[PDB]
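Engineer: Dumping the structure here so I can ask a few things about it.
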Amino acid sequence: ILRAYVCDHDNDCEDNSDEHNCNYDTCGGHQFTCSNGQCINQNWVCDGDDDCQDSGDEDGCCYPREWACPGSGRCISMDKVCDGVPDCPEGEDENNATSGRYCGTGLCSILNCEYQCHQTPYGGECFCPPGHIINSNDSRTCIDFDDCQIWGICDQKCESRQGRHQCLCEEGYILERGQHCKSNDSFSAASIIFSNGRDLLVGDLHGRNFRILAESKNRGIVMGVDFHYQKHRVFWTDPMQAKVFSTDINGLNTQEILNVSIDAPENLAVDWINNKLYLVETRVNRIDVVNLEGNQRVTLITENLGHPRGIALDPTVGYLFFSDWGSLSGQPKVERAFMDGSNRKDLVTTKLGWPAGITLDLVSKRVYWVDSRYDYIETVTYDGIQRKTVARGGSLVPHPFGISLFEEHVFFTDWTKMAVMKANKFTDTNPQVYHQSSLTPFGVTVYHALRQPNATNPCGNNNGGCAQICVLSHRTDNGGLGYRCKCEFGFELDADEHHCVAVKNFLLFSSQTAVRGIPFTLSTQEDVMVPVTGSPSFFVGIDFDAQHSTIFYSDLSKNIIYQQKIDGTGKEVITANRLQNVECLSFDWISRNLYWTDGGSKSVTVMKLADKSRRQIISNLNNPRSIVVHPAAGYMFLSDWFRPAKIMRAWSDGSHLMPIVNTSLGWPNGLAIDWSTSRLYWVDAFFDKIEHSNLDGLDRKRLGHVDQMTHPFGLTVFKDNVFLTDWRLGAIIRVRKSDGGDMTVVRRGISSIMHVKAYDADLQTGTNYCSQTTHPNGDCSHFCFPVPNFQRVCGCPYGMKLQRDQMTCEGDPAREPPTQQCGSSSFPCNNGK
Amino acid sequence: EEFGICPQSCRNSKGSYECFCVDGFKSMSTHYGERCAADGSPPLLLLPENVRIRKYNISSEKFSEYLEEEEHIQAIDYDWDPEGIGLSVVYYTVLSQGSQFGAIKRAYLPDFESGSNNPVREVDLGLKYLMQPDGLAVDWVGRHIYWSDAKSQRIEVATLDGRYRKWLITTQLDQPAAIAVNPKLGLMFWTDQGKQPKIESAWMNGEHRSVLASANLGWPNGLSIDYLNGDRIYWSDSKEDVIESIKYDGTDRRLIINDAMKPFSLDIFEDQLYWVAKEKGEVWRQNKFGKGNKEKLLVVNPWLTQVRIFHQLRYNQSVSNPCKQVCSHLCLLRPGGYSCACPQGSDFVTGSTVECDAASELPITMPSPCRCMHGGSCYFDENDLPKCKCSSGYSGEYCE
Amino acid sequence: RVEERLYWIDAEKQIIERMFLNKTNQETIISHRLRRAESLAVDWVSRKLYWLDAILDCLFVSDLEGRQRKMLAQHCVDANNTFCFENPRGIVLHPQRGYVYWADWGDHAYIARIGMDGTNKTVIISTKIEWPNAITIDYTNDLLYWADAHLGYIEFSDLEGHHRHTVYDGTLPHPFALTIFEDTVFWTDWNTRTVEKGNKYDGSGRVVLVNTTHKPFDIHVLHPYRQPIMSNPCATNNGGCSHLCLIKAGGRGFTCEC
Amino acid sequence: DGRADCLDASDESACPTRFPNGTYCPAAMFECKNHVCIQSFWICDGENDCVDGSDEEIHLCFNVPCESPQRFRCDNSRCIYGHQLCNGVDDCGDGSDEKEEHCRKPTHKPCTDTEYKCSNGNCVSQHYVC
Amino acid sequence: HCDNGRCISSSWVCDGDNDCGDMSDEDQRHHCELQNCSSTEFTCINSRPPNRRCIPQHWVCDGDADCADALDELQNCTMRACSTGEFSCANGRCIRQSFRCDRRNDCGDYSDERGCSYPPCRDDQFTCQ
Ligand SMILES: *[C@@H]1O[C@H](CO)[C@@H](O)[C@H](O)[C@H]1NC(C)=O
Ligand SMILES: *[C@@H]1O[C@H](CO)[C@@H](O)[C@H](O)[C@H]1NC(C)=O
Ligand SMILES: *[C@@H]1O[C@H](CO)[C@@H](O)[C@H](O)[C@H]1NC(C)=O
Ligand SMILES: *[C@@H]1O[C@H](CO)[C@@H](O)[C@H](O)[C@H]1NC(C)=O
Ligand SMILES: *[C@@H]1O[C@H](CO)[C@@H](O)[C@H](O)[C@H]1NC(C)=O
Ligand SMILES: *[C@@H]1O[C@H](CO)[C@@H](O)[C@H](O)[C@H]1NC(C)=O
Ligand SMILES: *[C@@H]1O[C@H](CO)[C@@H](O)[C@H](O)[C@H]1NC(C)=O
Ligand SMILES: *[C@@H]1O[C@H](CO)[C@@H](O)[C@H](O)[C@H]1NC(C)=O
Ligand SMILES: *[C@@H]1O[C@H](CO)[C@@H](O)[C@H](O)[C@H]1NC(C)=O
Ligand SMILES: *[C@@H]1O[C@H](CO)[C@@H](O)[C@H](O)[C@H]1NC(C)=O
Ligand SMILES: *[C@@H]1O[C@H](CO)[C@@H](O)[C@H](O)[C@H]1NC(C)=O
Ligand SMILES: *[C@@H]1O[C@H](CO)[C@@H](O)[C@H](O)[C@H]1NC(C)=O
Ligand SMILES: *[C@@H]1O[C@H](CO)[C@@H](O)[C@H](O)[C@H]1NC(C)=O
Ligand SMILES: *[C@@H]1O[C@H](CO)[C@@H](O)[C@H](O)[C@H]1NC(C)=O
Ligand SMILES: *[C@@H]1O[C@H](CO)[C@@H](O)[C@H](O)[C@H]1NC(C)=O
Ligand SMILES: *[C@@H]1O[C@H](CO)[C@H](O)[C@H](O)[C@H]1NC(C)=O
Ligand SMILES: *[C@@H]1O[C@H](CO)[C@H](O)[C@H](O)[C@H]1NC(C)=O
Ligand SMILES: *[C@@H]1O[C@H](CO)[C@H](O)[C@H](O)[C@H]1NC(C)=O
Ligand SMILES: *[C@@H]1O[C@H](CO)[C@H](O)[C@H](O)[C@H]1NC(C)=O
Ligand SMILES: [Ca+2]
Ligand SMILES: [Ca+2]
Ligand SMILES: [Ca+2]
Ligand SMILES: [Ca+2]
Ligand SMILES: [Ca+2]
Ligand SMILES: [Ca+2]
Ligand SMILES: [Ca+2]
Ligand SMILES: [Ca+2]
Ligand SMILES: [Ca+2]
Ligand SMILES: [Ca+2]
Ligand SMILES: [Ca+2]
Ligand SMILES: [Ca+2]
């Protein structure tokens, strides 16, 4: 739960743990406070909404045969006005009111009503027959009204053919009792599928027969459930094992695990027109598209997405609906998008709390969503223009989590009741229960033919002409269904938008939840490189090796350094010991060496990957934040933030150290080298400036202030362009290295972006003495270090000793240094304190 | 420089002039180039009645029946032999009836002699929410359809299969009625039958707009273009009772036929103008420069709304298409080149002006048509595939 | 300002043309008897047009339609025959004072003022002046500004020439015509081919707004305040003049001339 | 539909109430006794646009405005389009249209300064004079 | 659109004039060198950007140097007329004769001072560095 919700005097938790131990405080400003000790926004105090469960926030400030019972907009059917259960805020709709009122008809004698007259606690009331309304001009006679306007007039369609309304059902349904719509007998009996944890269950529409679809006691929690009817398959997701499973509705010893190595999948949607699966990952902030086998993967939405939790699809129109928190604002919202991810719109942005769970109505073209914070089920139209509430309050819907819709009913799962519930999709003042147990139900879906209507798949013929992947989309002019093309990882769309071109060089960047590779230009291909993710995780340092198709990245959550291959086929750990705070990584491709900096130990460390040999080469630094290496030149560059901040140059082995730049630097940050110009470039995050000099720091130039580089953090240089990232804009920016003002934004909305690097074999070139075939590895034993004038030095691992040739090192590498995590003036202890 | 001097092309000489026909035409007048004849089969006339389209053959003084419809056919335009199979394509508009919206329809018209022996089916472009499509024009270079709707007050462009729809002009329109296109110049011309009638010309991509005539217009109901004699524009008025011609830049205006018996449509072929009389159901022809006297060809059903001339050389097929596949959704001609456009409700992908952010759409291939030549007969197989049976003396596939 | 019109001279065609600021109408106003027109000024209160000719070596006044035409000055301006119309290339008008100002770059360079009705012929600037091609007035200060292409300066004085100051002093290579708005002065330069703006009192802020392949010839600022609103003497009955009505020297009253 | 598809207009002749107003056609439109509707502009212009002639019952003609240069008004208080004025057809039955008073040839402009006069009622530029 | 946040007619892009004020319209991103001048235009052989490659044919012979090399004027047409009271310069300019030989450049390309022989200062004068 979000920390702000904790100790807010309202139970967000299933078991109320967010409020049990809290000590409260008052609230005010542009806010309002009401019964039960709750605080509410100022505008909410008068908007026709029961934001306070006491119904108190509307006291002061409705269809035919209905009455607004309080002095405000709580609107209830005529019977409730006296039926004897307080349906309104404090009675006022009861036989007698504790406030002093009584049900009677005295006013009716005066009124001279044109039609039936009804008893009311306060005064009396008059109403009119179906198709008519009472007129505000005299409150006594009857006028002609368009019954179709009434919310819930018919289950699917309404027509006022002669003022009198008639109800119609679509081609898949049959009509009952003049307003209800039932499903044609040609289709199998409708079924309900829901999960209660370790098991996945199937039940009948009336809730009296239950069975288990897959009884294998070998899996984690079943979180999301979706189905394909024609293929008669059921699909569900497990976040404990990070897996997606599919079964056959018969459950006859057939269970398959999809070929999708996706981190923490949490919600699932199925597309039956294009045979596609849509997956939602909340910890990774990603939405992905795969086929029913998992063998083709596309990244659909990763930018300006925050913890997507609910997803719903309509493939007959090419629409995708999901609920997510804005990464740049952190506000909950419900969005509509095209199934290709190309076009996005926000349908709900007010009074949304925690909008977990979305379902769709395909005959009325409506979206239904669940909110567990404000305790409600609410529906809007695909365009968001009309909003209605099905149930609200902790009594009717205290903690709903999942929702599904069929005919006149909605089925949702509630964690407080630990039950599966049945409600009327229009309005249900007293929901009903369908399944009850002592286990929390997680996902619910309904399985029937009409829930997955048929449409002609534009991709179904010749793959829509797409060379690699075809995804459904929405026709903005006709309103129908169309298509779009997508390329696999390592590919990008050609100018014809149908063929895919292989991408050799790409731009690589790291963030809290992911390490990603994207084209150097404005492109619809969200990811070129197979993404890299973990959880809980925070990736900061990244470097690459292009000769062996490998990338190196560091994680500060686990304090580990990893090497991985851009095709995802490999993952290995370089080191997981004595790393305290790895702030920057750099790689040398001539000697196969990796360098990293630690602000915890205030040191710079070098390691050799051919045999995993490690040494610490610089110590007693202050704030070593950035490092870059130049093997052909025999130089190493490092930056320190301690005042006066400085940039320093050294020999690849650390034998020399000199401050090459030590003036007008606040936060000297990421460092890049330009091999064409033999120049060094750096970014300053305190002064938000870009400066470049030669390797001696003797010539210094500053670029013109980038129009929106409010707070840059990382820099990389490629061809005639400079690429930098902004920590506040959450963006990647492109600039021209000679002046500083050709400006472009390649990506935006990336949460916690940290560093950017450019991946290219053309960049990782050059030669040094270590490389010579006549002197393999520079004839060194354990370390070879390039130094200027094509010279080299042979280093040794930590604790070893050197001999007369000054090239071979012999001794014992068996001892690691102590656990000196504490700084000066502090006594270290066995307990890690 | 004189208006009447020649029917197609003129050349100056020190003390005289010569008239000459353009390629595909021959000269057989007593004076060279004073009149031109066109190669290929003789021209045909297309006559959309209230609920049927009829064909007339000028060479044989003969009548044939081509299409029947359940709704009021308003405008007709054709595309000549787009597939080289010997069957042209016809596009027509039908107005909304009651609650039923209007539509634009596509059909195959054989270039060879054929009639009821070859029943023709209909295809609908699927353009939704059309209300009163009073005008229709075909672009054979760009492969586009252009239409004007008087109730929505819009001019829209689409692909000949209805695959991409864009709105070109929406503002400052009052009952758009007739539209004509010139791909060589990259210009479109249309008439407005509003309270203040007008004649306007724009670029075929909508980026430039100009008004050519705004005076002495009562009801400009028909528009035609002459590409053989410059690029002149001709319009018919059934309230002023006149046929008038202008230069596509508005620098010249003339009255060609006076006391036109309520002209409602225009077509120009072989130095002659062809027009229709609103109520008489009559077809009248004269010389396109207003010379001589007028003659009556047919006394057709009073419902005749338009007369169109059907011939290989009416529209210059040879005109080269400059789009060269660069745009991904729509390519629209303009003077001296082309431009790219996205379907309505779409925009270009950020930073690009040659790519659009909208769903792609499959080309809608039209069904196989009845192709039984030489007066054969067409019958549909059990799988609905067309097949031909030929009369005495003809044999082979179809009726070749 | 009144007609929302622009007036210009064309020396290759030897014509004067007027257009609307919306660019929808273009007309030729004077089409003959122009030998070498060099400077043009327009009067928004009297509804008059003034221009200089460097072949006839004279000053002309007309009505904006180009119909009435009178010659307002000739020969010399000093009763000493040292300063005479030789190379007039500058004109600016002040109706509030009823004066016309012009600059000449003859071997004897000078800036002289005459009255819009042709009276009070006098010389305002006669020393340290060699190649004037610029004369402009600032009405918020009652100041006169001119530039010298030879001495490389921009100088401002009062409407009678008895106070002199330099915004730029010898630092400009080849300055041409000038225009003034608020605290800024704008000028054109022929050797660098630039349009530059500076501070009208000392030039402490200087920038180049545009440079061009061809030499810039004239520069003006358009805003209502560059043609201040004032009462026209000839407004009600054209002063009863049968042909031309011209504001008297000093700006009070009018004169009638054939 | 409001469009005469029968020549006698018998199709629309029995149309039911088309709008609750009791009228058969909307605003910016004109209605006829045959339940056929026509652009208001066509009222009283010498053409029975409504087959039953109801669109130009002569009493209706007095109301429509007619600017003299683009449109013409006839002695019958009926209006005709500009080109019709001398097209050679009695577009209005009173025969005011085509009257010699209107159709007769123009009055040549008087010779101005810089010109010359000819016995022919013609003016010639002074340079051309000899 | 320019980096200065200025809007200029598109034809002006890659034309040799700093129309944007910041030269944004005349830089490598535009690829002025790749441009292929129209038939109605004229070309400058030694085209190094920003020196404009294309010149309107109407401008080629006009008395003013349009190409940086002045090639358009280095063609057949003759030198424009100048008054007898004037001096003429390679810039295609006529200047008052008195200006000749005073060590200040009046013609622009120094033709007003080239080849001059200067008389020494008089006793009533003062001399400057
Ligand atoms: C009552 O009805 C009349 C028409 O009968 C209407 O003009 C008036 O506005 C109505 N008043 C109210 C308060 O609705
Ligand atoms: C029920 O389904 C069958 C088979 O699809 C169909 O033929 C029948 O018309 C349907 N009935 C209704 C009332 O829709
Ligand atoms: C799983 O994916 C890999 C890589 O895409 C592929 O090589 C392999 O064949 C797939 N296996 C199955 C069973 O689809
Ligand atoms: C979809 O199509 C299949 C195959 O034609 C048919 O079996 C099924 O009943 C259809 N379902 C719906 C909802 O139309
Ligand atoms: C700054 O660097 C220069 C050059 O290396 C050095 O001489 C100077 O002592 C340094 N000063 C500080 C305060 O680091
Ligand atoms: C038109 O008639 C001529 C005979 O006059 C004939 O040769 C020609 O084939 C006919 N064309 C069509 C399309 O029927
Ligand atoms: C048709 O167009 C081609 C190519 O533009 C041209 O050569 C030919 O003269 C044109 N013919 C006619 C008849 O317009
Ligand atoms: C000058 O430009 C401004 C702003 O673009 C515009 O308002 C004004 O009309 C223009 N004037 C002329 C004469 O082009
Ligand atoms: C141009 O401006 C003038 C002066 O305001 C005005 O009278 C004229 O109508 C304008 N022309 C157009 C076409 O806007
Ligand atoms: C001109 O002015 C001078 C000034 O001293 C005066 O002495 C002289 O008489 C005047 N006349 C001429 C023509 O020099
Ligand atoms: C002429 O100007 C002078 C100043 O130059 C002034 O003193 C005088 O009053 C003005 N008027 C006349 C009539 O001299
Ligand atoms: C305009 O200014 C730029 C920058 O000073 C210069 O390089 C260019 O040559 C100038 N253009 C002309 C035509 O003088
Ligand atoms: C009644 O007439 C008005 C025009 O006066 C029309 O707009 C309206 O649609 C008609 N009645 C309705 C509401 O149908
Ligand atoms: C212009 O383009 C053509 C190809 O269309 C190319 O061959 C030529 O080299 C280009 N440049 C010039 C100066 O012609
Ligand atoms: C004109 O130019 C041509 C081509 O450069 C040259 O051969 C000829 O001599 C020139 N004629 C004159 C008059 O300079
Ligand atoms: C309660 O909270 C407000 C801020 O909303 C202030 O802290 C104020 O001091 C408090 N007021 C009361 C009544 O305690
Ligand atoms: C630190 O490292 C040393 C040497 O390996 C010992 O393992 C010691 O137990 C460690 N101390 C702590 C607290 O982790
Ligand atoms: C026809 O018109 C009358 C008078 O207005 C009534 O409105 C009647 O209801 C109409 N008839 C129908 C069936 O709409
Ligand atoms: C010329 O026009 C005038 C009116 O402007 C008169 O109609 C006159 O009668 C005409 N001249 C002649 C000679 O008839
Ligand atoms: Ca809480
Ligand atoms: Ca509320
Ligand atoms: Ca009650
Ligand atoms: Ca809750
Ligand atoms: Ca001749
Ligand atoms: Ca002179
Ligand atoms: Ca002098
Ligand atoms: Ca009429
Ligand atoms: Ca007539
Ligand atoms: Ca430029
Ligand atoms: Ca030139
Ligand atoms: Ca000099």
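In chain B, numbers come from Swiss-Prot; the residues present are 4014-4413, in order.
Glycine is no exception: its Cβ is also placed from the backbone N, Cα and C atoms.
Take a look at what Swiss-Prot says about it:
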DISULFID  B:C4019-B:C4032  disulfide bond
DISULFID  B:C4034-B:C4049  disulfide bond
DISULFID  B:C4383-B:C4391  disulfide bond
DISULFID  B:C4385-B:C4401  disulfide bond
DISULFID  B:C4403-B:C4412  disulfide bond
DOMAIN    B:4379-4413  domain 'EGF-like 6'
CARBOHYD  B:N4070  N-linked glycosylation site
CARBOHYD  B:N4329  N-linked glycosylation site
REPEAT    B:4156-4198  repeat 'LDL-receptor class B 34'
REPEAT    B:4199-4242  repeat 'LDL-receptor class B 35'
REPEAT    B:4244-4285  repeat 'LDL-receptor class B 36'
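Explain the structural surroundings of these features, please.
Structural biologist: The C-beta environment of B:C4032 (disulfide bond), restricted to residues of the same chain at least 6 apart in sequence and closer than 8 Å, consists of B:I4018, B:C4019, B:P4020, B:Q4021, B:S4022, B:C4023, B:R4024, B:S4040, B:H4044, B:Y4045, B:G4046, B:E4047. B:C4032 (disulfide bond) carries a strand DSSP state (E or B).
Shown in sequence order, B:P4020, B:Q4021, B:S4022, B:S4040, B:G4046, B:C4049, B:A4050 are the residues of the chain, 6+ apart in sequence, with a C-beta less than 8 angstroms from the C-beta of B:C4034 (disulfide bond).
Under the DSSP three-state reduction, B:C4391 (disulfide bond) is assigned to strand.
DSSP gives B:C4401 (disulfide bond) a strand state.
Listed in sequence order, the residues of the same chain lying 6 or more apart from B:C4403 (disulfide bond) and placing their CB within less than 8 Å of its CB are B:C4385, B:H4387, B:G4389, B:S4390, B:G4409, B:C4412.
With a threshold of 8 Å between CB atoms, the same-chain residues lying at least 6 positions outside the domain 'EGF-like 6' (B:4379-4413) that come near it are 4098-4100, 4102, 4119, 4121, 4123, 4125-4127, 4130-4134, 4136, 4174.
The Cβ of B:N4070 (N-linked glycosylation site) has 16 other Cβ atoms within 10 Å, all protein chains considered.
If you draw a 10 Å sphere around the CB of B:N4329 (N-linked glycosylation site), it holds 17 other CB atoms from the protein chains shown. The secondary structure of B:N4329 (N-linked glycosylation site), as reduced to three states from DSSP, is coil rather than helix or strand.
Using a Cβ-Cβ cut-off under 8 Å and counting only residues 6 or more beyond its ends in the same chain, the repeat 'LDL-receptor class B 34' (B:4156-4198) has close neighbours at 4088, 4090, 4092, 4095, 4102, 4104, 4106, 4115, 4117, 4119, 4138-4140, 4142-4150, 4204-4209, 4211, 4215, 4217-4219, 4222, 4233-4238, 4240, 4244, 4246, 4248, 4261, 4329, 4332, 4334, 4342-4343, 4345-4346, 4348, 4354-4357, 4374-4377, 4379.
Listed by sequence, the residues of this chain that lie at least six past the ends of the repeat 'LDL-receptor class B 36' (B:4244-4285) yet keep a Cβ under 8 A from its Cβ atoms are 4016, 4020, 4048-4051, 4056, 4191, 4193, 4195, 4197-4198, 4200, 4202, 4204, 4212, 4214, 4223, 4225-4226, 4229-4238, 4291-4293, 4295, 4297-4303, 4307, 4318-4322, 4324, 4327.
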Engineer: Please report how many Å separate the Cα atom of B:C4391 (disulfide bond) from that of B:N4329 (N-linked glycosylation site), as a whole number.
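Structural biologist: On Cα coordinates alone, these residues lie 31 Å apart.
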Engineer: Across all the protein chains here, work out how many other Cβ atoms are within 10 Å of the Cβ of B:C4391 (disulfide bond).
Structural biologist: 20
Engineer: Quick one: DSSP breakdown of the domain 'EGF-like 6' (B:4379-4413) into helix, strand and coil?
Structural biologist: 0 helix, 8 strand, 27 coil
Engineer: Between the Cα atoms of B:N4329 (N-linked glycosylation site) and B:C4383 (disulfide bond), what distance do you get, rounded to the nearest Å?
Structural biologist: 26
Engineer: Hey, what's the Cβ neighbour count for B:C4383 (disulfide bond) at 10 Å?
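Structural biologist: Counting Cβ neighbours of B:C4383 (disulfide bond) within 10 Å gives 22.
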Engineer: Under 6 Å from ligand 6 by Cβ, which recorded positions from B:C4049, B:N4329, B:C4383, B:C4403?
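Structural biologist: List returned for ligand 6: none.
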Engineer: Write down the Cα-Cα distance for B:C4401 (disulfide bond) and B:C4383 (disulfide bond), rounded and given in Å.
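Structural biologist: Distance between the two Cα atoms comes out at 8 Å.
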Engineer: In sequence order, what residues of the same chain, 6+ apart, have a Cβ less than 8 Å from the Cβ of B:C4401 (disulfide bond)?
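Structural biologist: For B:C4401 (disulfide bond), the qualifying residues are B:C4383, B:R4384, B:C4385, B:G4389, B:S4390, B:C4391, B:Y4392, B:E4410, B:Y4411, B:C4412.
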Engineer: For the repeat 'LDL-receptor class B 35' (B:4199-4242), what are the DSSP-based totals of helix, strand and coil residues?
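Structural biologist: Going by DSSP assignments, the repeat 'LDL-receptor class B 35' (B:4199-4242) contains 0 helix, 23 strand, 21 coil.
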